[PDB]
Amino acid sequence: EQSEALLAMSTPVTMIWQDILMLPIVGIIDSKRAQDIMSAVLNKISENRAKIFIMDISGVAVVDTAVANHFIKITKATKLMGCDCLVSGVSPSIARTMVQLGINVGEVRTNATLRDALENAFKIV
Amino acid sequence: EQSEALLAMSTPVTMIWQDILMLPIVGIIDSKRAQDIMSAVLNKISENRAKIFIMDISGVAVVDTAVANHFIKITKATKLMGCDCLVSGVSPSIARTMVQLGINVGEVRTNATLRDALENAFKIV
Amino acid sequence: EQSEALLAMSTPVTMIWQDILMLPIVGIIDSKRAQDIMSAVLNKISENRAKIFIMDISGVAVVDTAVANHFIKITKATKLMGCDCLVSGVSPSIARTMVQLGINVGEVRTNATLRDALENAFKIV
Amino acid sequence: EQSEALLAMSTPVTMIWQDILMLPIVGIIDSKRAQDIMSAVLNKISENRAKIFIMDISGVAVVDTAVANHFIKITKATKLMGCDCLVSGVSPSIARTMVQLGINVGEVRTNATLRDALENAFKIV
Amino acid sequence: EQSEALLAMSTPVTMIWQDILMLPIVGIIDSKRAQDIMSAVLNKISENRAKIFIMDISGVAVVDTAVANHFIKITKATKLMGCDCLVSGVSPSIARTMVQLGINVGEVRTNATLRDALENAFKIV
Amino acid sequence: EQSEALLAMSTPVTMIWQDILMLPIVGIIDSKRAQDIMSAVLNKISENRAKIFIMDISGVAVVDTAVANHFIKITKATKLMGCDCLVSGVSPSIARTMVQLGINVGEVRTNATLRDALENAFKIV
Amino acid sequence: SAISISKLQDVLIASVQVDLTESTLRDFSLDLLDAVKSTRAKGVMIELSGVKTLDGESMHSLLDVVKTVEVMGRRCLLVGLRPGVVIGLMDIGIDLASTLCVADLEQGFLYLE
Amino acid sequence: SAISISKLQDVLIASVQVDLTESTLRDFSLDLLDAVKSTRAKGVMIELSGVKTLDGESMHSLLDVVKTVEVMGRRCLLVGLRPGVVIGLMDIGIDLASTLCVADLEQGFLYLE
């Protein structure tokens, strides 16, 4: 039930008024579950095509190694769908652990909390 | 961990840009956990006093009997704080099960999905 | 108790919104009680200095002989306090009994009921 | 004579310029006399139909138990005549004794002294 | 010394900026001293001819019988110079004692405290 | 009686239209009486809080040594209440006797007679 | 007695420093407020619950209700200890909606009046 | 401890309920105010002397002075018990003119800021 309870969590964290989309989630999570989320975003996008979407990781529960991978690959996939993705919320040591990985590819759009994210969206709007 | 993972879920489902607040959650949930959520809303309200807040139950997982009780007492609770609380998302048979309970007290404000809720909020805004 | 009940009557019949003042009372009344009223007006005037004040005798209960005397002396005293006094309400045979007394001194301001009195006051206002 | 002197008191405490009406009275009073006042208001209302009327109890002489009853029933009757009734003046412990009665029904209009009452009336005017 | 201290009091209670004049004094006072004040006003008037002057008796210390006489004759006197004299401050029972004297001649100008007196003066100004 | 006659003098020499205040007095006076005046000003200030007040010493009767002390401490005192106090009237040799005392602290506001004092006040007004 | 309260404009400023175990002090405050109402005659009234260590005084809730009604005057509450205050308050329930959290515990409804 | 104080806008509202015999409580209040200054960072500060049963605390006057100066912030006093407060206050004398009787003990300098 807790799995399905987990699955219950992602779809709301995607939907928002005015076709804006986003995706807050827990940081220490299963990789296969992340692939699930990957599948969820694709179907969600079909459900309502949205150029607007974001990755929210506010307070990521744990900065797992493969977890970056997901958002590494995930960020790329979402934006390049033609469906933009942004990081609005996150932890800093989470970020350090990331930068310390020597990560170099990232050059996407991000924001400060769901506050600056919406401001930008209502501006892309 | 899944508990704390649950606790991880409620605080984001409360916070929103522009001091607007809301609270989406799973419908079949523990009553003690709901009291936890009760406590969470109080502290959240202190954290940032917000006249704006909503109860979101979109797709309530299960229409549990005591669960109404929570939102019965809870809905009264936002107004008790002096805060506003609205129901933006929910299931219909969930509602029928409720009305069938012969529920009669409810006379609060609600909305259609997070769409009409924000519209109203940006109007109360 | 009825005395104090009487005393209860005069102070309200003096006070009015916007510092306007007046004094309706029963026509057949005790002379000593009238001196009391005399004392009441003085203190009332101190309480709130008012240039506006009126003597109301609408439907004077009985046109007593000494009773004129009071309002004779009273009218003079009140106006000359620098605190004007006007007669807004009264009976006609009451008046005849007065004129029949051969009364001659009166040359003060009066009005028709509390209606024309206020109109004038809101004009002196 | 003092009775009729009492009866002398209520009708003036009802009449006012511009068809406004009100009713100041002594707080410790006879219940049958209050029924008299009840009768007086009805006839007064016929005499000049007035949507404007008020109950004034400034400095109620004594907060008698049945006396509430009168104004309980009285307030209801007057307003529902289609002839509004307001409380402009009163004592506070008088009020406490009332609230302490656990009174719960009252939800009518009131005012601060004959000052805020007229202001409102000249606004309903 | 207290006499001369008394004499010290009247001349200031006469002088005022802008040639306005007035005369506050204690109510229970010596008649000969009042004649002194009479003399003082004459000289004061010469000193600076003033059409503006007032009799102030605020809180007259005691409503002495001969004391009226003074202000009776005295009031007539300002007019006699052609000077103006007004009563701005006084007590009410003081006034009653006066009216009770059956006083009838007074028909001069008066005011409410030094407030309405100046207002009038700045209007005669 | 002359004492109370003295006490009669100070309160009027304090009160003025438009909440302006001042205090003319005799120069050779008792020190304890001056403390009385001190007490009078405090109560007077409560009676009507006034930021405006003045010390008038026109024609001070005698430049007594301790008398300065009073106005020394007294002047400081208006400022101590936060009240304003000004010297509008005074004698010159009175002043010389003062300056000759080698007085040095004074740096407060003053005026020429009750004329320039009011002008300033109507400007602070 | 130590308790005291002052008002800005026609706006009263009642203040809950702590849960007043004394409902007698509750009565005392009620008396003070009625006295104030009689003298001041001003309309706005406010109350700040910094904390209510004790809750469930239906009588205190009643005091709150009478204070709105007799005053026939404005009435707002700064919610304190809500987590433990409100759950008890919610257990009590409420039949009124006149007052609410003071928008800024002062600044909000001062502005509002 | 019973003593507590709250602020509207950036305006502090210190309140003298009674003469605080405890200069230690004076120290306590000083501490609270400095703590408040550090956290709130707001500028306006006010103090209401409803009464000062005891006067001549040069140390308390000093407390008043430090409170204006360290705050580098606004500072006003509602004069209470002046007749007996001021004479003692006048016996003490003063070397400053920054503060004054609060214009409306709140409404006056609230407006003023």
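What counts as what
Residues numbered from 1 in each chain as written, not as in the entry; some residues may be left out. Chains lettered and ligands numbered in written order. Part of a larger assembly, values for the part shown. Heavy atoms only, no water. Residues with missing side-chain atoms left out of burial classes, pairs and counts. Helix = DSSP H or I, 4+ residues; strand = E, 2+ residues; numbered from the N terminus. Rg over C-alpha atoms; globule rule 2.2 N^0.38 Å. Contact = heavy atoms within 4.5 Å. Nonpolar A, V, L, I, M, F, W, Y, C, P; charged D, E, K, R; others polar. Least-squares fit on C-alpha atoms. UniProt positions renumbered as here; feature names shortened; annotations may be inferred. Pairing = 2+ DSSP bridges.

**Description of the overall build of chain G**
Right, on to step 1. Helix and strand counts for chain G stand at 4 helices and 3 strands.
Right, on to step 2. Listed N to C, the secondary structure of chain G is β-α-β-α-β-α-α in terms of helices and strands.
Right, on to step 3. Radius of gyration (C-alpha) of chain G: 13 Å, near the 13 Å computed for a compact globule of 113 residues.
Right, on to step 4. Principal-axis analysis of the C-alpha atoms gives chain G an extent of 35 × 30 × 25 Å.
Right, on to step 5. Considering only intrachain contacts with a sequence separation of at least 6, the fraction spanning at least 24 residues in chain G is 85%.

**A look at the overall build of chain A**
Right, on to step 1. From N to C terminus, chain A includes 5 helices and 0 strands.
Right, on to step 2. Ordered by position from the N terminus, the helices and strands of chain A form the series α-α-α-α-α.
Right, on to step 3. For 125 residues, the compact-globule estimate of 2.2 N^0.38 gives 14 Å, and chain A sits close to it at 14 Å.
Right, on to step 4. Overall, chain A is about 35 × 35 × 25 Å in size when its C-alpha atoms are taken along their principal axes.
Right, on to step 5. The contacts of chain A with a sequence gap of at least 6 include a subset with a gap of at least 24, amounting to 80%.

**What to know about the arrangement of the chains**
Right, on to step 1. Across the 7 pairs of chains that are in contact, the largest number of contacts falls between chains E and F.
Right, on to step 2. A gap remains between chain D and chain E, with no contact made and the closest C-alpha atoms lying 22 Å from each other.
Right, on to step 3. Without any contact between them, chain C and chain F keep their closest C-alpha atoms 14 Å apart.

**Brief notes about the interface of chain E and chain C**
Right, on to step 1. Each partner contributes to the interface: chain E provides 4 residues, whereas chain C provides 5 residues.
Right, on to step 2. Class assignment of the residues belonging to the side of chain E that touches chain C gives a composition of 2 nonpolar, 2 polar and no charged.

**Topic: the relation of the copies chain E and chain C**
One copy of the chain maps onto the other through a rotation about an axis plus a displacement along that axis.
Right, on to step 1. Each copy superposes on the other: chain E lies on chain C with an RMSD of 0.3 Å after a rotation of 71° and an axial shift of 0.6 Å. What the rotation and shift describe, once combined, is the action of a five-fold rotation axis. Nearest to the rotation axis, the C-alpha of E:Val105 is located 9.7 Å from it, this being the minimum over chain E.

**Remarks on the UniProt feature "domain: STAS" (unreviewed entry) in chain G**
Right, on to step 1. Listed under "domain: STAS" (unreviewed entry) in the UniProt record, and renumbered for this structure, are residues 1–113 of chain G.
Right, on to step 2. In this annotation, residues 1–113 of chain G is assigned 43% helix and 7% strand; the end-to-end C-alpha distance for the span is 31 Å.

**A closer look at the relation of the copies chain E and chain F**
Right, on to step 1. Superposition record for chain E on chain F: RMSD 0.0 Å, screw rotation 180°, translation along axis 0.1 Å. In short, the pair behaves as if placed about a two-fold rotation axis. Judged by C-alpha distance, E:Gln2 is the residue of chain E that lies nearest the rotation axis, at 2.9 Å.
Right, on to step 2. When you check the interface residues of chain E against chain F, 100% turn up at the interface there too, and the contact is symmetric in its surfaces.

**Quick word on the sheet that holds strand β1 (residues 14–16) of chain H**
Residue and element names in this part refer to chain H.
Right, on to step 1. Spatial strand order, β1-β2-β3: 3 strands in an open sheet with parallel pairing. Each having just a single partner strand, β1 and β3 (77–78) make up the two edges of the open sheet.
Right, on to step 2. With 3 bridges connecting them, β1 and strand β2 (residues 47–49) associate as parallel partners. Looking across to β2, one finds that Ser 15 is bridged to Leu 48.

**Side note on unusual backbone geometry**
Right, on to step 1. Even without being a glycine, A:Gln18 presents a positive backbone phi close to 60°.
Right, on to step 2. Within the secondary structure, A:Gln18 sits in the loop between α1 (2–14) and α2 (31–47).

**A closer look at the sheet that holds strand β3 (residues 77–78) of chain G**
Residue and element names in this part refer to chain G.
Right, on to step 1. Strand order in this open sheet of 3 strands is β1-β2-β3, and the pairing throughout is parallel. Of all the strands in the sheet, just β1 (14–16) and β3 have a single pairing partner and so form its edges.
Right, on to step 2. The pairing of strand β2 (residues 47–49) with β3 spans 2 bridges and is classified as parallel. Across the sheet, the residue bridging to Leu 48 is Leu 78, located in β3.

**Details of the interface of chain E and chain F**
Right, on to step 1. Each partner contributes residues to the interface: chain E has 7 residues there, and chain F has 7 residues.
Right, on to step 2. Among the secondary structure elements, those contributing two or more residues to the side of chain E that touches chain F are α1 (2–14) and α5 (113–124) of chain E.
Right, on to step 3. Tallied by class, residues from the side of chain E that touches chain F come to 5 nonpolar, 1 polar and 1 charged.

**Some details on the environment of H:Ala14**
Residue and element names in this part refer to chain H.
Right, on to step 1. On the secondary structure map, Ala 14 appears in strand β1.
Right, on to step 2. For the pair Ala 14 and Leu 33, spaced 19 residues apart in sequence, the C-alpha separation works out to 8.7 Å.
Right, on to step 3. Once residues lying within four places of it in the same chain are set aside, the contact partners of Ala 14 are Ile 5, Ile 46, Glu 47 and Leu 48.

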